[PDB]
Amino acid sequence: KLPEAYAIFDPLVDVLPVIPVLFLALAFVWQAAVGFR
Amino acid sequence: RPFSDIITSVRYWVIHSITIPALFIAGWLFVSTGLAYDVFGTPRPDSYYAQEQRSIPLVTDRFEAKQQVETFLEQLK
Amino acid sequence: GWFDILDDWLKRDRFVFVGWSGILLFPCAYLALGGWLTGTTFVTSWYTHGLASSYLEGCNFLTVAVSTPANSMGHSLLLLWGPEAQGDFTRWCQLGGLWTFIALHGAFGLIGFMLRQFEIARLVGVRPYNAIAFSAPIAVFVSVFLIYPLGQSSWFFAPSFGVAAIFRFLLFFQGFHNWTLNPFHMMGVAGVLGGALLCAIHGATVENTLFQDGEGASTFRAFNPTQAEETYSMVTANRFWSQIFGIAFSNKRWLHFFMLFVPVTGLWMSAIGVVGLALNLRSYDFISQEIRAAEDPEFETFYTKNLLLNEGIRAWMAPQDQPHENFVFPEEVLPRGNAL
Amino acid sequence: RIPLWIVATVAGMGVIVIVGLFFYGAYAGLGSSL
Amino acid sequence: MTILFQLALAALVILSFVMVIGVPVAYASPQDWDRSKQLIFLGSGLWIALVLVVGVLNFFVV
Amino acid sequence: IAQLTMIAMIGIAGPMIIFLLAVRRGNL
Amino acid sequence: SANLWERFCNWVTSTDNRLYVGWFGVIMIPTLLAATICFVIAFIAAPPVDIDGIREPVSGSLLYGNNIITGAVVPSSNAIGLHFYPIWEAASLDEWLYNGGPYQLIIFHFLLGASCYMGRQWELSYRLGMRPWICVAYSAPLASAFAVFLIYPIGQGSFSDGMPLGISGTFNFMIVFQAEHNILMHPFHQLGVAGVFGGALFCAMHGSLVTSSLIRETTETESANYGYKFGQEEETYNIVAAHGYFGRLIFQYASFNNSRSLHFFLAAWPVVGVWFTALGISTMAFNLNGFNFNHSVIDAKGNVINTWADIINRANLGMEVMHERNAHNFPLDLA
Amino acid sequence: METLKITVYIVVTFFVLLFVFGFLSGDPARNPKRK
Amino acid sequence: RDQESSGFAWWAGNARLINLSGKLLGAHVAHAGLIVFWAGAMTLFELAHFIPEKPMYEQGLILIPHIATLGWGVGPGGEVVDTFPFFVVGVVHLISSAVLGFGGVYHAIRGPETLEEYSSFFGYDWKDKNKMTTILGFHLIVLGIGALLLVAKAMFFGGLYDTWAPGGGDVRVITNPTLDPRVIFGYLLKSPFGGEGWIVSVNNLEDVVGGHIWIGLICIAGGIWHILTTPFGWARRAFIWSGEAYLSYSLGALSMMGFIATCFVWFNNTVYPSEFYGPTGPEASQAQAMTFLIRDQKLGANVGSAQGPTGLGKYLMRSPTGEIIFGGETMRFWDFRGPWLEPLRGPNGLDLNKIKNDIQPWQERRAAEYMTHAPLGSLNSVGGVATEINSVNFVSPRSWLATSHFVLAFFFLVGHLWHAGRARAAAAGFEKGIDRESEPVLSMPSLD
Ligand SMILES: CCCCCCCCCCCCCCCCCC(=O)OC[C@H](CO[C@@H]1O[C@H](COC2O[C@H](CO)[C@H](O)[C@H](O)[C@H]2O)[C@H](O)[C@H](O)[C@H]1O)OC(=O)CCCCCCCCCCCCCCCCC
Ligand code: CLA
Ligand code: CLA
Ligand code: CLA
Ligand code: CLA
Ligand SMILES: CC1=C(/C=C/C(C)=C/C=C/C(C)=C/C=C/C=C(C)/C=C/C=C(C)/C=C/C2=C(C)CCCC2(C)C)C(C)(C)CCC1
Ligand SMILES: [Ca+2]
Ligand SMILES: [Fe+2]
């Protein structure tokens, strides 16, 4: 139970976990931008 | 004209930024206005059974089917 | 003459080749795909199977489907303007008119498409073995979605268009026709299973038996779109398999014809088996087995075991699966093992 | 013109959003169980 | 103390967001990372004190 | 209630840190 | 003698053997001969096996009333569970044949050898200078035998729950599986059928496209096959004519022109799909089953509105409620 | 019966040794070129 | 460009870093960041949803229960006392993720693209049998210290959660680690089949702690040994020395550890307390028998002599070697041992006298709890059998862990085969095709 104070960040922490996936994704945004070299 | 060129033409987006969401909001309303339910005779969450009845409105004979279906809607089904 | 001008236009090489065939293919093919996508999200199966069957009702991509017509309809073509719907559209929908629609339309759509292959083949001047092959899928569709229910009481027992709605078609066939025990279904799978092997095995044999025609690691670019030499060592492949399996190809012409044969023959057999299930002429039991099981209570094979699984499938499903029969099976009559 | 790699990553997220809305709809809609 | 805590903790988030999008484009375009080698340094140094601020400051709020 | 607000930003962030590079043209 | 052992190693490894007995082969050849020889005898003459540990022998051999379709080699007893049951663990063979000993002797030697068979599919490729990876294609069908013969049993707590070695015995494995796991409603199985259906599909595509675009070199009354000689330099079909036709069937960019990319896809598809199917059985071996949409869609009052998902549950209950008649003594089936 | 165990064990050891002492015998060496 | 298509194809991009030590370091430092990030970011996610007065297994937790086991924030019977250690472990990691991530990004886009020159100590050569044996040696020590970092927490800093706790599950300080090699290493000589379960049969914290003591030392010992050496002769004439080949070896290694982990979380009761995770597969089937033998016995049934449909023994029967066990399909799990059930076991297995009047209420409800929380569930998380109804949203942490890791473990074994197959062809040198000119097969006699 996110210690009373940090509660305002409950929502924030709700999405943190999924971030790692994003990186594997970004690598693709990049290559696309760099025209799959 | 090579898709690539079109999907990139600012003209394209200038057109479809309007068209695409257009179609979307339309279908949305199609459902949200309850119209779809009548176009397809599909039951609303409160129209599978009559309050008491727990039987199913099974169509039982081909020719007088449409007629039979209409009556099923009768019992406030 | 306009005809040759009509032709001229059609056989014109566009992005999406039309052709004479298209005059049949596209109208249908689109209507079939369209009707499905429509019912999947809008039409219900309440008045038909007492089932919610569309997104609008709450079904997800797996549970949605265009369910068959009532059993009352019989084999009726259920035309929008026929004695049933009577020109009315909504009623048509509720009486499962959308099934015979998708069925019959898609049917013509498979005719058009095969014709296309035939037409395009001719133009491009290649042999029509792509068309011969496609006879296999036609047979399946024809025997299963048409011939089958045509032998039963009505369209109601044909497979309903949908993911889950097809799984029950499978479970049904086990339970009622004991289909897995059918010589033809077996050949069927031997072909599809065996065909998905040739596919995988040949593919790998090629990719790992390639000559070096480039200096890169990603050998894909190293390919000559313009024939010339064989891109992989057919001679090496032969020796490999000849030493690991004992048998190995050595005539690409045959190796490739074989690949047409195996899965097309398989599907043809699986069809015949079903054409027989239409008349219920199934491969349900082995009489010698049943006779010994009757007289002797200690004789038990994995076969007898299965038949009991069928009894349960039939007894516990029949009720909500065949509504028109107003089945009522008292709890005491329901076959069940101990505890469960 | 509009850079392709952007047409994609935009049309892309755009799909993860709609397809994700569907997944949410699975714990709330009628397809719920509650 | 509390708002003082929510300030440090909340600012520490925006610095991170800013720091995260920064450092990348930083080493990215060699248009400097000599002048920004200054910016990044301050962001990095700053960050740590902040964590230490929220760290010690946590025991007074929760 | 709607911390979708979060995702959104940290979401356009990934593509941003390469886009700005497409502008400052360099090192991709 | 250049040195016996030095020689031995040269023979074993020799690429001049009709059948390449490799290093992996030294383990393969024996294990596979035992598995095969024990099976054939079992299947023909083994006596009834108390598969469910409830003293209710299931005879599955020809000489004991079975035919090819029904007959099978029955799984070790449930009384045995996951315990190792080598012949030297029984007071007698009579006891060993009754508790389904042959089953283990077979599955273990087979799985052992079929792996080395993979190890070999690598070795020979090495001794021949060809790229590896073929053995990786064979990892899929193997990874299945493994899932069906070992993972599932480990997961479920008994070898008696492994797939029987026989036609009907397999249908049993399937029908029951479905009831306890609702596999048809699991992503991994679906990917499996996509790979298999797809494979057969593609297998037919390639097969036809190629065979149909062969360069003429044969008579009107001569097998079109002779138009190919083992050890040719150039190709035997017009891959440009092939692509020309197929590109027009659907549309150009949706058609292969690179034989290498074609063949990679051709291998990649089924192997990847079957990999998932194998992971499905290996996953449902720990009870993480298919989607359970039972009574999801309910109406405005709370009534349960059935979907095809429910009609599927009834068929499953029939299987549940009838399998293993006499083996259960309690409410929940946790085994 | 206690014998068979012994025999089986011996037999499996043979082959398993033949296997390890096999790849050990400089297997990389055995192949077309670079070795 | 420093590295583009005239290196490798795009989708094999990361192989273009096979020879850029520096950048190949950013990757490993940036990656190691993602793991800490996750560990950290997830813990806070778990805690953010964590409800103290409710089983952990009923909340989809898989990290908080890992901490709980090391004796943190819990007490009697796995009761959650203080959620602080959880919040801590979570935030700390989350922070360190930023530190590592910094270095990763740095070493991969600013710092030296190669190392050999910007410092010969760090730069390295794949074929440099010594640098390799040495770096390996460094890591073999770092891991060794870690193994002791556990031995410490248990013996000095607090303890671990011992479910077998004499007074009943509780955090206990191990001050008597089994160091007897005969026992410790005994485990490795244990069968992996039913009963003798090999490593997974570890059933008390002394061996766990003890064994880790041995690993820590044995491990660091080898760390020094490699620092101070080079592979012998066979060691060299046996392996392939290349960037890929080394990878492969570590791939097959993880795969194997992945399978071993799958079985540990599925079978083990000790290092995976049923109090934080769920009841084990066998443990739950056992509990059903317990529950009903307990019930019916209260209705006046003599469990000892009850005859079931088959004539085997509704409640109690015998195993193949004579011991008294629970009856029913549960006969397959007679190897299950557990705090709640042990006090009923005698020298011959379940004792008919204790079962007859020593069953305690806490056991009755334990058996009931575990019975109704067996590891059976669906992908969409609907606890129970495939034919069950929606309502109880639950899927045992033991099921999640076990499946995820079998998949990963598997694909990694493919990864092994793939990277090893590539390395052997790469070495001898034909991983790009058969030499059109010198086609090996063509120089070999026809077997025909
Ligand atoms: C050779 C090439 C090979 C390429 C291979 C590529 C492979 C790619 C794999 C990609 C993805 C794998 C995804 C696994 C997803 C698991 C999703 C899940 O666990 O999801 C769980 C959720 C939950 O669903 C919800 O489950 C809920 C309830 O559970 C519970 O809730 C209740 C209260 O609400 C009670 O508490 C109850 O007890 C409790 O259990 C409710 O019932 C909801 O009504 C219900 O909607 O999923 C949903 O909604 C799901 C809706 C899903 C549609 C899913 C389609 C999945 C796969 C399609 C594959 C097609 C493949 C074609 C391939 C062709 C060629 C290869
Ligand atoms: C998972 C980790 C991972 C890592 C660490 C790397 C790392 C790297 N890759 Mg791969 N790659 C990956 C996954 C990964 N890759 C995947 C999945 C694919 C297939 C889609 C590829 C395909 C690929 C190709 C085709 C190529 C590379 C190349 C490279 C190097 C590129 C250097 C460059 O110019 O960066 C460009 C980077 C940017 C413009 C922005 C990057 C921002 C990242 C670092 C951080 C984001 C986090 C956050 C914003 C930072 C804040 C930190 C905080 C502490 C302040 C680099 C060493 C190239 C190479 O071989 O170089 C020698 C190359 O040609 N990669
Ligand atoms: C994981 C492996 C790793 C390795 C091998 C290196 C190696 C290197 N780094 Mg990186 N680095 C890493 C991770 C790593 N780094 C991470 C995660 C970050 C993010 C903060 C950085 C950030 C970083 C920067 C900003 C710079 C380097 C630089 C350098 C090089 C410095 C030269 C040197 O030897 O001084 C290394 C320095 C020390 C050892 C002194 C540090 C002393 C204190 C503050 C920390 C001690 C840490 C550790 C706990 C000690 C254990 C002791 C033991 C008895 C218990 C060197 C090649 C410099 C460079 O560009 O070189 C060319 C440079 O400017 N690194
Ligand atoms: C892709 C995502 C992914 C994720 C999220 C996970 C996640 C997880 N895996 Mg997993 N794994 C993966 C991929 C993944 N894995 C792959 C590809 C493989 C190869 C097949 C594995 C193989 C694997 C195995 C074999 C195991 C796991 C396990 C675990 C869990 C470990 C918990 C832990 O503490 O971490 C591990 C953390 C470390 C190594 C850091 C070392 C920390 C030490 C130094 C100190 C600890 C503190 C000390 C005791 C305190 C002392 C204080 C002092 C003052 C006294 C965790 C849930 C384990 C488990 O419990 O499964 C049920 C397990 O046994 N995984
Ligand atoms: C444990 C460490 C490990 C490491 C360091 C590597 C490293 C590498 N591998 Mg390897 N691999 C591993 C394990 C590992 N692998 C395993 C277990 C397998 C078995 C499947 C493979 C199978 C494999 C193949 C078949 C190939 C490589 C290749 C490569 C190189 C690729 C370069 C690149 O750009 O990849 C970046 C990779 C991609 C872009 C792959 C696309 C993945 C997509 C399809 C799915 C991503 C799924 C995501 C995690 C889940 C969410 C999906 C979303 C839609 C919902 C690189 C050197 C390639 C090579 O050239 O090797 C010499 C190559 O062809 N690997
Ligand atoms: C905020 C925050 C933070 C941080 C952050 C981070 C670290 C982040 C990251 C992030 C990331 C890392 C992101 C990413 C994103 C991405 C995306 C969003 C992507 C997308 C993509 C796409 C959409 C694609 C597509 C495509 C197409 C369409 C075509 C083909 C190809 C391709 C595949 C390319 C912290 C913790 C301090 C705290 C709290 C707050
Ligand atoms: Ca929250
Ligand atoms: Fe081919």
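Please compute, for peptide B:22-31, the average count of beta-carbon atoms on other protein chains lying within 10 Å of each residue's beta-carbon.
Details: counts 0, 0, 1, 0, 0, 1, 0, 0, 1, 4.
Per residue, the number of nearby Cβ atoms from other chains is 1 on average.
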Exercise for review: Once you've got the GNM for chain G with C-alpha springs shorter than 10 Å, pick whichever of G:267, G:143, G:309 has the biggest mean-square fluctuation.
Suggested key: G:309
Exercise for review: For the stretch B:42-49, just list the computed ³J(HN,Hα) in residue order, Karplus coefficients 6.51, -1.76 and 1.60, θ = phi - 60°, integers in Hz, with x standing in for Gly and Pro.
Suggested key: 6, x, 7, x, 10, 9, 8, 10
**Study point:** Solvent-free Debye scattering, log10 I(q)/I(0), computed from the Cα coordinates of the stretch C:274-340 at q = 0.18, 0.20, 0.22, 0.25 Å⁻¹
**Key:** -0.94, -1.05, -1.11, -1.14
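Using only helices, what value at 222 nm comes out for chain C when you add -39,500 (n - 2.57) per DSSP H run of length 4 or more and divide by the total residues, to the nearest 500 deg cm²/dmol?
On the way: 14 runs with 188 residues, N = 340.
After summing the helix terms and dividing by the residues of chain C, the value is -17500 deg cm²/dmol.
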Exercise for review: Report, by chain and number, residues whose modeled amide H sits under 5 Å from the one on residue C:232, excluding near sequence neighbours (fewer than 5 apart, same chain).
Suggested key: C:211
Review point. What's the percent breakdown of Cα-Cα distances in the stretch I:189-293 across 5 Å bins, shortest bin first?
Key: 2, 9, 11, 16, 18, 13, 11, 8, 5, 3, 2, 1, 1
Study note, to complete from the structure: Rounded to one decimal in Å, the inverse mean reciprocal Cα-Cα distance for chain G, i.e. its Kirkwood radius, is 24.0
Check your understanding: To one decimal place, what Kirkwood hydrodynamic radius in Å is obtained for the stretch G:33-139 from all pairs of distinct Cα atoms?
Key -> 15.4
Check your understanding: Between residue I:323 and residue F:20, what is the label-to-label distance in nm when each label sits 7 Å out along the Cα-to-Cβ direction?
Key -> 6.5
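So for the stretch I:100-230, what are the equivalent ellipsoid semi-axes in whole Å, largest first, each being the square root of 5 times an eigenvalue of the Cα gyration tensor?
They are 39, 20, 14 Å, listed largest first.
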Practice item. Based solely on C-alpha atoms, express the radius of gyration and the Dmax of the stretch C:172-215 in angstrom. Key: 18.4, 60
Practice item. Quickly work out the residue H:20-to-residue G:174 label distance, labels modelled 7 Å from Cα along the C-beta direction, and quote it in nm with one decimal. Key: 4.4
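Would you order G:20, I:246 from fewest to most other beta-carbon atoms within 10 Å of each residue's own beta-carbon?
I:246, G:20
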Study note, to complete from the structure: Length-normalised contact order of chain C, Cα under 8 Å, at least 6 apart, in percent, tallies to 18
**Study point:** Overall Cα dimensions of the stretch C:1-91, principal axis frame, Å, largest first
**Key:** 56, 33, 20
Study note, to complete from the structure: Along principal axes, largest first, the alpha-carbon spread of chain C in whole Å comes out as 75, 67, 36
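Is the C-alpha gyration tensor of the stretch I:322-379 telling us rounded, prolate or oblate? Criteria: a/c under 1.5 is rounded; beyond that, a/b larger than b/c is prolate, otherwise oblate.
Values: a/c = 2.56, a/b = 1.41, b/c = 1.81.
Verdict is oblate for the stretch I:322-379.
Sequence gap at least 6, Cα distance under 8 Å: using those rules, report the relative contact order of chain G to the nearest whole percent.
Working: 440 pairs, mean separation 57.8, N = 335.
Once normalised by length, the contact order is 17 percent.
What fraction, in whole percent, of alpha-carbon pairs in the stretch C:67-210 exceed 22 Å separation?
Details: 5817 of 10296 pairs.
Everything past 22 Å amounts to 56 percent.
List the chymotrypsin sites (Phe, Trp or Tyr not before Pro) within the stretch G:224-292 that fall in a DSSP loop (any state other than H, G, I, E or B) and whose Cβ has at most 16 other Cβ atoms within 10 Å.
Values: sites: G:226, G:228, G:230, G:237, G:245, G:246, G:251, G:253, G:256, G:264, G:265, G:275, G:276, G:286, G:291; in loops: G:226, G:228, G:230, G:251, G:256, G:291.
Sparse-neighbourhood loop chymotrypsin sites (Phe, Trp or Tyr not before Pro): G:226, G:230, G:251.
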Check your understanding: Could you give me the ³J(HN,Hα) list for the stretch C:200-214, computed from phi with Karplus coefficients 6.51, -1.76, 1.60 and θ = phi - 60°, whole Hz, x at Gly and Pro?
Key -> 3, 4, 5, x, 5, 4, 6, 4, 10, 10, 6, 7, 9, 10, x
Point to revise | Value at 222 nm in deg cm²/dmol, rounded to 500, when DSSP H runs of n ≥ 4 in chain G each add -39,500 (n - 2.57) | key: -16500 deg cm²/dmol
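Scaled to the compact-protein estimate 2.2 N^0.38 Å, what is the alpha-carbon radius of gyration of chain I, rounded to two decimal places? Intermediate values should be presented prior to the final figure.
Details: Rg = 27.0 Å, N = 448, 2.2 N^0.38 = 22.4 Å.
In units of the globular-protein estimate, chain I measures up at 1.21.
Can you compute the helix-only [θ] at 222 nm over chain I? Use -39500 (n - 2.57) per DSSP H run of at least 4 residues, normalise by all residues, nearest 500 deg cm²/dmol. Numbers along the way, then the final one.
Numbers: 12 runs with 210 residues, N = 448.
Theoretical 222 nm ellipticity from helices: -16000 deg cm²/dmol.
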Check your understanding: So what J values fall out for the stretch C:49-63 if you push phi through Karplus, 6.51 cos²θ - 1.76 cosθ + 1.60 with θ = phi - 60°, rounded to Hz, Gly and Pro as x?
Key -> 10, x, 9, 7, 9, 9, 3, 3, 9, x, 6, 9, 2, 8, 7
Check your understanding: So what is the relative contact order of the stretch G:1-155, in percent, for Cα pairs below 8 Å that sit 6 or more residues apart?
Key -> 24
Exercise for review: Output the direction-averaged projected area (hull surface divided by four) of the convex hull of the alpha-carbon atoms of the stretch C:204-340, in nm².
Suggested key: 18.1
Point to revise | Column: log10 I(q)/I(0), Debye, Cα scatterers of the stretch C:36-85, q = 0.26 Å⁻¹ | key: -0.95
Point to revise | Amide H partners (placed H, <5 Å) of residue G:165, local residues excluded | key: G:73
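So what's chain E giving for Cα Rg divided by 2.2 N^0.38 Å, two decimals? Before the final figure, lay out the partial values.
Working: Rg = 14.0 Å, N = 62, 2.2 N^0.38 = 10.6 Å.
Against the compact-globule rule of thumb, the ratio is 1.33.
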Revision key, fill the gap. Rounded to the nearest whole number, the per residue volume of the convex hull around the C-alpha atoms of chain B in Å³ is 160
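For the residues I:340, A:30, what sequence is obtained by ranking on other C-beta atoms within 10 Å, fewest first? Before the final figure, lay out each step's value.
Values: I:340 24, A:30 19.
So the residues, fewest neighbours to most, are A:30, I:340.
Fewest to most neighbouring Cβ within 10 Å: what's the order for B:44, C:282, I:424? Each step should come with its number before you reach the end.
On the way: B:44 13, C:282 16, I:424 24.
Result, fewest neighbours first: B:44, C:282, I:424.
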Practice item. Amide H neighbours of residue G:49 under 5 Å, at least 5 residues apart or on other chains, H built in the peptide plane: list them. Key: G:58, G:59, G:60
Check your understanding: Which Rg and Dmax, in Å, describe the Cα atoms of the stretch G:193-320?
Key -> 24.0, 76
Review point. Dividing the Cα convex hull volume of the protein assembly as shown by residue count, how many Å³ per residue is that?
Key: 226
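Can you divide the C-alpha Rg of the stretch I:279-374 by 2.2 N^0.38 Å and report the result to two decimal places?
Working: Rg = 12.1 Å, N = 96, 2.2 N^0.38 = 12.5 Å.
Here the answer is 0.97, to two decimals.
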**Study point:** Over the stretch G:114-243: Rg over Rh, Cα atoms, Kirkwood Rh
**Key:** 1.12
Check your understanding: Taking a temperature of 25 °C and a viscosity of 0.890 mPa s, what whole-number D in µm²/s does Stokes-Einstein yield for the stretch I:354-436 with Rh from Kirkwood over alpha carbon pairs?
Key -> 140
Point to revise | Nitroxide proxy distance, nm - points 7 Å out along Cα→Cβ at residue I:157 and residue I:256 | key: 3.0
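Please report, largest first and rounded to whole Å, the three semi-axes of the ellipsoid equivalent to the stretch I:1-159, where each semi-axis is the square root of five times an eigenvalue of the C-alpha gyration tensor. Walk me through the numbers before you get to the answer.
Numbers: eigenvalues 316, 83, 31 Å².
Semi-axis lengths for the stretch I:1-159 are 40, 20, 12 Å.
What helices does chain I have that are whole DSSP H segments, at least 27 Å long along their own axis by Cα, and with mean Kyte-Doolittle hydropathy of 1.0 or more?
Those that pass (Cα extent of 27 Å or more, hydropathy at least 1.0) are I:23-49, I:84-109, I:129-155, I:205-227, I:243-267.
No Cβ is skipped: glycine too gets one built from the backbone with ideal geometry, and neighbour counts run over all protein chains shown. Read the figures in this text as sums done on the coordinates, not as results from a lab.
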